[PDB]
Amino acid sequence: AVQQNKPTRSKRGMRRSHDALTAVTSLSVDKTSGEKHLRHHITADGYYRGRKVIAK
Amino acid sequence: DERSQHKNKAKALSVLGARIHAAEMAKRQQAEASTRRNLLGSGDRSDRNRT
Amino acid sequence: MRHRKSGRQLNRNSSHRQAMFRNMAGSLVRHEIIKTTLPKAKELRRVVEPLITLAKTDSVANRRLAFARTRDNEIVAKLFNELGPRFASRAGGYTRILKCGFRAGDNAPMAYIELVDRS
Amino acid sequence: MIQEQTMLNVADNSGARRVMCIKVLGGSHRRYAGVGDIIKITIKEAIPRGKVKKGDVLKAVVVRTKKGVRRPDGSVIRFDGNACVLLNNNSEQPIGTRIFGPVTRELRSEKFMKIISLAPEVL
RNA sequence: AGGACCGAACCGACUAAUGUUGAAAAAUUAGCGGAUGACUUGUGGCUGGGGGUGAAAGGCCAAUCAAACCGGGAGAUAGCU
RNA sequence: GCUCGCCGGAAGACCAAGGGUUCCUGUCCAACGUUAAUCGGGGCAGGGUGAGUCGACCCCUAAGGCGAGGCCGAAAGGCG
RNA sequence: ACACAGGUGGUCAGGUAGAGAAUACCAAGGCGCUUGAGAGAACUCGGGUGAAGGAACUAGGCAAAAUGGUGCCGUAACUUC
RNA sequence: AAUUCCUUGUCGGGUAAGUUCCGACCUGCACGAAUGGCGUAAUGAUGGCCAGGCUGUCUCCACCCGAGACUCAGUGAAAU
RNA sequence: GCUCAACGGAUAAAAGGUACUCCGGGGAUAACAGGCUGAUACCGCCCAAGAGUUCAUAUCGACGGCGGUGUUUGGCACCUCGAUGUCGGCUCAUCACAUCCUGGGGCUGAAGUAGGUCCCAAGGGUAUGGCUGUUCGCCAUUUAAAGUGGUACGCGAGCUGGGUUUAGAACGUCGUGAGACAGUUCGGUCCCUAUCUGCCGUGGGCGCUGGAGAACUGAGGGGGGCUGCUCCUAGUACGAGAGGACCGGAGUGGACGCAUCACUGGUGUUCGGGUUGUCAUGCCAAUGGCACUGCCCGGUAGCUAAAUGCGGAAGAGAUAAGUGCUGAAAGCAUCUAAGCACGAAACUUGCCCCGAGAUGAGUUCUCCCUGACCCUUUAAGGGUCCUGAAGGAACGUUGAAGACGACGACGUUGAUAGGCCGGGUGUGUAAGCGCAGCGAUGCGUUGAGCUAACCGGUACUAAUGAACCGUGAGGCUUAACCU
């Protein structure tokens with residue numbers, strides 16, 4: 001239930017070695033407005049795949 | 001009875017020996033009684049072997 | 001295991017799910033575009049598209065059935081007078097999901113769901 | 001599907017009315033008994049002047065189970081109650097001279113020819 | 001009429017489960033006993049430590065009871081660690 | 001703002017006891033809220049409690065306290 | 001010690017069903033309990049259902065399951081009637 | 001026997017099988033007459049045994065509904 | 001002048017209980033368990049008077065003797081008293097053979113069936129209940145068998161808490177008493193979110209010498225290995241009869257394991273209906289919310305056992321105890337010393353699964369890359385421009401795959417998921433209208449309406465044009481060919 005010897009900072013780093021986040025590989029460029037956005041998601045202006053899907 | 005196995009065993013052996021001796025003694029008494037009962041008459045005048 | 005099963009539980013009991021989907025379907029056909037989380041949006045289709053399909057043919061029985069599944073007479077009236085003739089030729093797929101990022105408060109993947117011919 | 005502590009009705013006129021299964025014979029660690037397999041039973045209720053008394057220990061063969069039996073075509077015959085026929089403890093032949101209720105085809109063998117002969121209907 | 005019966009408020013805590021770094025330094029859920037009486041409760045008062053009080057368990061006397069707590073003798077003593 | 005659900009002999013409303021501005025308005029998110037916070041019982045500033053009849057104060061006593069003189073007790077003090 | 005599933009005396013007492021202040025759903029009124037979103041593994045908690053058997057479980061029918069209201073017929077040993 | 005060590009004393013009932021129970025027997029280690037003896041209707045969240053109904057308690061576990069467990073975002077302990 | 005007798009005399013003067021307890025210490029010292037030893041316990045062996053009608057050794061074996069195990073009760077106090085939780089039960093096991101069953105064999109006081117004893121053999125299997133807290137034991141009924149033991153008399157950071165073992169209370173007994181009992185009887189809190197080793201699964205990184213996609217080989221490892229009954233041989237061999245085979249063949253079961261939902265069923269709060277109380281949609285009618293899915297009746301797919309398919313083998317190699325052939329040492333005899341044959345569920349294969357991280361990193365098939373230059377410390381060196389392939393990853397729709405990663409299908413040249421159309425299934429004659437009845441309600445339209453996860457289709461919705469990672473012919477030394 002509890003430890004008998006204090007784990008090292010080395011062991012702590014070894015355990016945390018897989019806890020790293022993964023950056024997005026590449027963003028997509030909208031074909032009309034030219035801005036970047038996450039793949040399969042609408043752009044920050046409200047466009048998606050050229051057409052303006054949501055007003056503002 | 002006792003905490004010691006050796007004493008318990010000794011007591012058990014003594015009781016067992018007494019029980020066997022009692023059983024043999026009782027069997028002898030029962031046989032002796034039966035034989036005596038058959039040989040002796042009822043005590044009435046009818047049961048006779050000599051007059 | 002849940003082999004060949006369908007339907008997201010969404011960490012709610014069945015009555016809550018039924019009521020929530022009824023409310024969400026009413027809201028969607030009222031406003032023509034609504035924003036909700038991606039699994040709830042994907043599950044909302046299976047309730048709002050049969051209602052429109054039912055609404056395609058105007059009849060007293062169909063209206064009572066739509067009323068039983070929505071409990072909002074204004075919603076039923078709109079469905080049968082507008083959404084039925086508008087989608088009278090479509091072979092299903094009267095909605096469209098557009099993934100719209102992540103919610104600020106709880107990082108839930110949000111989406112907009114709208115009728116295909118909204119404009 | 002008869003196991004220990006199961007009460008059964010009696011299908012013959014041997015004098016017993018309600019018996020209880022206390023062992024399923026024919027194999028180590030055996031769980032259930034279908035039709036046509038011996039079980040060791042005790043008599044828990046009898047008629048006033050019959051061939052057997054209450055409390056006797058003897059064998060019996062099961063003729064009807066509520067779970068039923070299955071035939072090669074996939075069918076199943078289910079009965080409304082579990083019933084057995086009392087047998088002699090050594091010869092394993094029926095004590096009574098009449099059978100009550102129907103039985104099934106699973107019994108037709110040289111061992112229980114008497115039972116299927118006396119049965120009023122063999123399903 | 002009744003320290004009568006069934007059964008809520010109210011008082012209590014018999015059984016099980018959970019919880020045992022708990023929501024809680026003893027409670028919650030489902031059952032349970034009394035429920036016009038030797039009942040229960042609010043406000044105020046009285047009984048002080050070798051003393052009180054006890055339908056009596058050495059129980060309770062401010063989460064502490066085979067002698068409360070606070071200050072003092074006091075840095076008691078300790079052939080023990 | 002429109003739906004959904006929960007309590008409803010209470011999870012609604014008004015007091016005493018206890019707390020002492022936590023009440024209302026404007027404004028701010030550093031610290032407090034087991035998350036975000038523009039919101040708050042959080043910070044800052046201003047406002048808000050109106051009585052011959054409600055309650056306390058006042059007149060009167062119960063249990064009980066204090067107790068002129070008094071009795072008793074080494075003193076302190078106890079009882080009245 | 002907490003924005004704590006605990007404790008706190010008095011007053012008011014609506015509709016329908018119900019004997020009822022029990023219980024269910026509502027009115028007047030007030031809340032959704034200050035982390036959410038997914039997924040639907042073992043395992044844990046609180047529940048629902050179950051073929052054939054019905055206590056074979058176990059220290060023990062522990063716990064679950066079952067009975068449950070009103071009117072009427074009928075009701076044994078024993079008894080301090 | 002709330003009491004008997006030897007003891008599961010012996011017999012009978014209940015069970016297929018009963019170190020417990022019930023009814024007797026008396027060889028009462030070591031009951032006994034207000035530190036009361038033996039019964040006793042009613043009463044008991046009292047101790048033991050048996051029977052009917054009922055059942056996942058079990059043979060022997062299976063599926064389903066929610067709250068955790070698992071993943072993501074935010075805050076972020078402890079015993080050792 | 002002191003039986004100051006505890007006699008170098010603590011005082012002239014002194015007994016008990018603590019389970020209501022409490023403090024300072026000790027494993028300096030006991031109970032549990034471990035350690036050494038083996039009196040005791042269990043299992044063997046040496047001599048052979050005797051039991052066995054005669055005959056020690058078929059089976060036993062007196063008087064005596066020598067060991068093995070650690071195995072009961074002990075002996076010692078070496079470990080722990082700044083805590084090593086303890087009897088029995090549940091769940092889960094693993095090892096030894098002094099083998100309980102199955103397998104092989106010698107002798108028999110072995111006619112046969114069935115036995116006794118010993119040797120070899122641990123591959124598999126090795127009950128359910130009544131009674132008590134029970135281990136043990138007795139009893140009922142099976143079984144081929146209901147083994148003996150080790151593992152802290154295995155297992156409470158997995159479960160229990162009945163007994164024992166705290167505080168309450170009583171009975172018998174002892175004591176004047178407080179209290180005490182290997183005397184009993186009623187009641188009596190079992191905590192821990194796993195850091196490391198271990199184990200079951202499942203990934204990330206790098207390596208395997210250019211990179212990549214597949215399919216394998218098998219060094220090695222795991223799983224599995226049980227057995228009854230009936231029939232034929234054959235009522236034959238054997239036997240006076242009763243009874244009744246070896247060897248060999250066939251069928252059908254019990255337990256266990258793997259797989260599956262086609263059949264029989266369970267679940268199926270996502271499908272349909274019946275119905276009670278209340279509230280809402282203005283109201284009737286019809287619905288919806290709440291009352292455990294309100295209570296039920298059914299039930300699709302999926303998951304499941306009780307449901308139904310399959311498996312344990314046959315065969316080969318070398319053997320154990322054992323049986324032998326030929327044969328001397330030792331003219332004979334002799335299974336052995338040379339040589340040769342047979343022999344079991346044990347060993348190695350044969351059956352199933354994992355498996356090149358097998359760093360000893362293996363094998364085979366296929367695909368992709370064939371540009372120019374600078375610098376100094378001149379070498380498996382560093383840098384710039386152009387170039388980005390095969391393939392992978394990321395994102396999306398997802399799955400009878402799944403905790404999350406992973407694995408599998410699909411991404412417009414598309415049926416991957418949702419919807420839609422048709423069908424199937426489940427529920428059981430919807431709503432509206434008309435007719436009969438004063439009315440509840442019945443009949444017709446109507447086997448209607450509704451129908452999830454199923455089946456066959458259909459681009460209607462969502463699966464983007466891209467972009468990212470991965471490079472640009474792959475070191476040295478020998479050997480055999482090629483020119």
Side-chain angles (χ1 to χ4, degrees), chain A residues 1-7 11 17-18 22 24-29 31 38-41 49-50, chain B residues 1-6 8-9 15, chain C residues 1-20 22-23 26-27 30 37-40 42 45-46 49-50 53 59-62 64-65 67-69 71-73 87 89-99 102-109 116, chain D residues 1-7 20-32 37 40-43 55-57 65-68 70 73-76 78 82:
Chain A
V2 77
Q3 82 207 357
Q4 289 206 10
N5 288 107
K6 174 191 193 178
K11 266 286 161 172
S17 65
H18 305 284
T22 75
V24 64
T25 73
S26 75
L27 300 181
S28 301
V29 182
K31 77 183 189 176
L38 267 184
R39 183 89 168 159
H40 297 121
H41 297 216
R49 302 188 59 183
Chain B
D1 297 282
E2 285 315 295
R3 307 190 174 185
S4 175
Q5 167 167 349
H6 312 300
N8 291 323
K9 190 175 167 160
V15 173
Chain C
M1 67 215 81
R2 45 150 298 287
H3 293 177
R4 318 286 277 183
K5 295 192 189 174
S6 62
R8 295 163 209 268
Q9 175 183 331
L10 309 172
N11 304 296
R12 300 167 152 80
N13 51 56
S14 182
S15 65
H16 183 185
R17 259 196 314 283
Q18 176 164 8
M20 174 185 65
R22 189 173 302 174
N23 285 342
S27 295
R30 174 193 317 276
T37 66
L38 180 58
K40 282 177 211 160
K42 284 183 163 176
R45 296 177 306 180
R46 311 181 65 238
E49 301 201 2
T53 293
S59 89
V60 166
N62 289 168
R64 289 184 175 188
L65 190 67
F67 184 59
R69 311 226 181 107
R71 301 306 304 195
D72 204 357
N73 264 313
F87 294 114
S89 309
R90 280 302 184 79
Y94 323 104
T95 44
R96 151 190 303 125
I97 304 289
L98 304 150
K99 298 176 280 304
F102 296 91
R103 190 139 68 177
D106 50 4
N107 201 62
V116 175
Chain D
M1 196 173 176
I2 308 302
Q3 64 194 65
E4 314 209 0
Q5 315 292 311
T6 308
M7 282 288 200
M20 192 182 89
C21 174
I22 63 167
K23 190 62 61 179
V24 182
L25 308 182
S28 191
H29 279 285
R30 179 152 183 174
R31 282 97 170 79
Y32 321 111
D37 62 355
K40 172 75 60 146
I41 56 156
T42 177
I43 299 176
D56 307 324
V57 165
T65 77
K66 203 163 171 197
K67 185 78 195 297
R70 263 161 71 75
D73 79 318
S75 66
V76 62
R78 291 193 304 258
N82 321 308

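These numbers come from the heavy atoms of this one structure, side chains and all, not from hydrogens, waters or symmetry mates. In what follows, every chain begins at residue 1, and chains take the letters A, B, ... in the order their sequences are listed.
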| request: From the options I:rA431, H:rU80, H:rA16, select the nucleotide whose nearest atom is closest to the side chain of A:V2. | output: H:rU80
| request: For D:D73, enumerate each residue passing the side-chain hydrogen bond (donor to acceptor under 3.5 Å, both in side chains) test, keeping only those at least two apart in sequence or located in another chain. | output: D:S75
| task | Could you tell me whether G:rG38 and H:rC70 make a Watson-Crick or G-U wobble pair, using a cut-off of under 3.5 Å for both distances? | result | yes
| task | Tell me, please, if I:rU398 and I:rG408 meet the Watson-Crick or G-U wobble pairing rule with both distances under 3.5 Å? | result | yes
| Taking OP1 and OP2 of I:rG432, is either one under 4.0 Å from a side-chain nitrogen or oxygen of C:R64? | yes
| Test side-chain hydrogen bond (donor to acceptor under 3.5 Å, both in side chains) applied to C:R71 - qualifying residues, sequence neighbours left out | none
| request: Please determine, for I:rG444, whether a Watson-Crick or G-U wobble partner exists with both distances under 3.5 Å, and give it or none. | output: I:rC433
| Who pairs with I:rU173 - Watson-Crick or G-U, where each distance is under 3.5 Å | I:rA180
| message | Regarding I:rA467, can its base be found pairing with the side chain of A:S26 as donor and acceptor, where the two atoms are less than 3.5 Å apart? | response | yes
| message | Looking at E:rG12 opposite E:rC32, are both of their pairing distances below 3.5 Å, so that they form a Watson-Crick or G-U wobble pair? | response | yes
| query | For G:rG38, does OP1 or OP2 lie under 4.0 Å from any side-chain N or O of C:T37? | reply | yes
| said: Checking base pairs now: Watson-Crick or wobble, both atom distances under 3.5 Å. What partners I:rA214? | reply: I:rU364
| task | Give one of base, sugar-phosphate or nothing for D:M20, where a contact means two heavy atoms less than 4.0 Å apart. | result | nothing
| request: For A:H18 and I:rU202, give me the distance from atom NE2 to atom P, rounded to whole Å. | output: 18 Å
| task | Give A:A1 one of three labels, base, sugar-phosphate or nothing, depending on what nucleic acid heavy atoms sit under 4.0 Å from its own. | result | base
| query | Under a 3.5 Å limit on both key distances, is there a Watson-Crick or G-U wobble pair between I:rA415 and E:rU64? | reply | no
| Crowding at CZ, C:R8 (>12 non-hydrogen neighbours, <6.0 Å) | yes
| task | Check D:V24 against D:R31 and note the closest heavy-atom contact, atom names and distance. | result | CG2-O, 3.9 Å
| said: Measuring to OP1 and OP2 of I:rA194, would you say a side-chain N or O of A:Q4 lies under 4.0 angstrom away? | reply: no
| Base, backbone or nothing for each nucleotide of nucleotides 415-425 of chain I, written B, S, -, heavy atoms under 4.0 angstrom, 5' to 3'? | ---BBS-----
| query | Which residues satisfy the side-chain hydrogen bond (donor to acceptor under 3.5 Å, both in side chains) test with C:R103, sequence neighbours excluded? | reply | C:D106
| query | Using a cut-off of 4.0 Å on non-hydrogen atoms, how would the nucleic acid contact of C:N107 be classed: base, sugar-phosphate, or nothing? | reply | sugar-phosphate
| message | Under 4.0 Å from OP1 or OP2 of I:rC256: is there any side-chain N or O of D:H29 that close? | response | no
| So, are I:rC271 and I:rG298 a pair, meaning Watson-Crick or G-U wobble with each of the two distances under 3.5 Å? | yes
Polar pairs (N or O, both sides) under 3.5 Å between protein and nucleotides 274-283 of chain I?
residue : atom : partner : partner atom : Å
I:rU281 : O2'  : C:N73   : ND2          : 3.3

| Does A:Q3 get its side chain close enough to the base of H:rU80, under 3.5 Å, for a donor-acceptor pair? | yes
| Per the atom types in the model, does the base of I:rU73 pair as donor or acceptor with the side chain of B:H6 at under 3.5 Å? | yes
| message | So, with the rule that both contacts fall under 3.5 Å, do I:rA346 and I:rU478 count as a Watson-Crick or wobble pair? | response | no
| request: Mind checking C:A104 for me? I need base, sugar-phosphate or nothing, with any heavy atom below 4.0 Å counting as a touch. | output: nothing
| remark: Applying the 3.5 Å cut-off to both distances, the Watson-Crick or G-U partner of H:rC61 turns out to be G:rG50
| query | So is I:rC340 sitting in a Watson-Crick or G-U wobble pair with I:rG324, both distances under 3.5 Å? | reply | yes
| Looking at I:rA462, does its base get a donor-acceptor pair with the side chain of C:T95 below 3.5 Å? | no
| remark: Re I:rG228: Watson-Crick or G-U wobble partner, both distances kept under 3.5 Å, found to be I:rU252
| Rounded distance in Å - CG (D:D37) to P (I:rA255) | 11 Å
| task | Have a look at B:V15 and say if it touches a base, only the backbone sugar-phosphate, or nothing, with a 4.0 Å heavy-atom cut-off. | result | nothing
| Whole-Å gap separating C1' (I:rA394) and NE2 (A:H40) | 11 Å
| Near RNA chain H, under 4.0 Å by heavy atom, which residues of residues 8-17 of chain C? | C:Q9, C:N11, C:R12, C:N13, C:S14, C:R17
| request: Measure from the side chain of C:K40, starting at C-beta and using heavy atoms only, and say which of I:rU141, G:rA55, G:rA37 lies closest. | output: G:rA37
| query | Is there a Watson-Crick or G-U wobble pair formed by F:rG33 and F:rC39, both distances less than 3.5 Å? | reply | yes
| task | May I ask you to check whether over 12 heavy atoms, not counting those of A:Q3, lie within 6.0 Å of atom CD? | result | yes
Taking N or O atoms only and anything under 3.5 Å, show me the protein contacts with nucleotides 33-36 of chain F, one pair per line.
none

| Sugar pucker assignment (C1'-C2'-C3'-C4' positive north, negative south) for G:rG15 | north
Show each protein N/O and nucleotides 307-309 of chain I N/O combination with a separation under 3.5 Å, one pair to a line.
residue : atom : partner : partner atom : Å
I:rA307 : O3'  : D:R70   : NE           : 3.2
I:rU308 : OP1  : D:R70   : NE           : 2.9

| query | Both distances under 3.5 Å, Watson-Crick or G-U wobble: does I:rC186 pair with I:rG168? | reply | yes
Between the protein and nucleotides 131-140 of chain I, which nitrogen or oxygen pairs come in under 3.5 angstrom?
none

| task | Just name whichever nucleotide pairs with F:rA45, Watson-Crick or G-U, keeping both distances under 3.5 Å, else none. | result | F:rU25
| task | Searching all strands shown, indicate the nucleotide that pairs with I:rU278 (Watson-Crick or G-U wobble; both distances under 3.5 Å). | result | I:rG289
| task | Find the partner of I:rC42: check Watson-Crick (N1-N3 plus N6-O4 or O6-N4) and G-U wobble (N1-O2, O6-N3) distances, both under 3.5 Å, and reply none if neither fits. | result | I:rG68
| For F:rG33, does the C1'-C2'-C3'-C4' torsion put the sugar north or south? | south
| message | Counting C-beta onward and ignoring hydrogens, is there a side-chain heavy-atom pair between D:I22 and D:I41 closer than 4.5 Å? | response | no
Below 3.5 Å is the cut-off: list the nitrogen or oxygen pairs between protein and nucleotides 224-230 of chain I, distance only.
none

| task | Report yes or no: is I:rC258 base-paired to I:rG309 (Watson-Crick or G-U wobble, both distances under 3.5 Å)? | result | yes
| Atom-to-atom span, CD of D:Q5 to P of I:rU141 - whole angstrom | 16 Å
| request: Spell out protein contact along nucleotides 55-64 of chain H as letters: B when the base is contacted, S when just the sugar-phosphate is, - when no protein heavy atom is under 4.0 Å; keep the 5' to 3' order. | output: ----BB---S
| query | Base, sugar-phosphate, or nothing: which does D:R30 touch, judged by heavy atoms less than 4.0 Å apart? | reply | sugar-phosphate
| Set of salt bridge (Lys or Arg N to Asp or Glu O under 4.0 Å) partners for C:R45, sequence neighbours left out | none
| query | For D:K40, which contact category applies under a 4.0 Å heavy-atom criterion: base, sugar-phosphate, or nothing? | reply | sugar-phosphate
| task | Report yes or no: does C:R17 contribute a side-chain atom to a donor-acceptor pair with the main-chain N or O of C:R12 at less than 3.5 Å? | result | yes
| task | Could you say whether D:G55 or B:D1 is positioned toward the 5' end of RNA chain H, judged by the nucleotide with the nearest heavy atom to each? | result | B:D1
| Taking the side chain of D:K66 as its heavy atoms from C-beta onward, which of I:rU195, G:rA55, G:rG53 lies nearest to it? | G:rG53
| task | State whether C:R96 places a side-chain N or O below 4.0 Å from either non-bridging phosphate oxygen (OP1 or OP2) of I:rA462. | result | yes
| query | Base, sugar-phosphate alone, or nothing: which one does C:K99 contact when heavy atoms must sit under 4.0 Å apart? | reply | sugar-phosphate
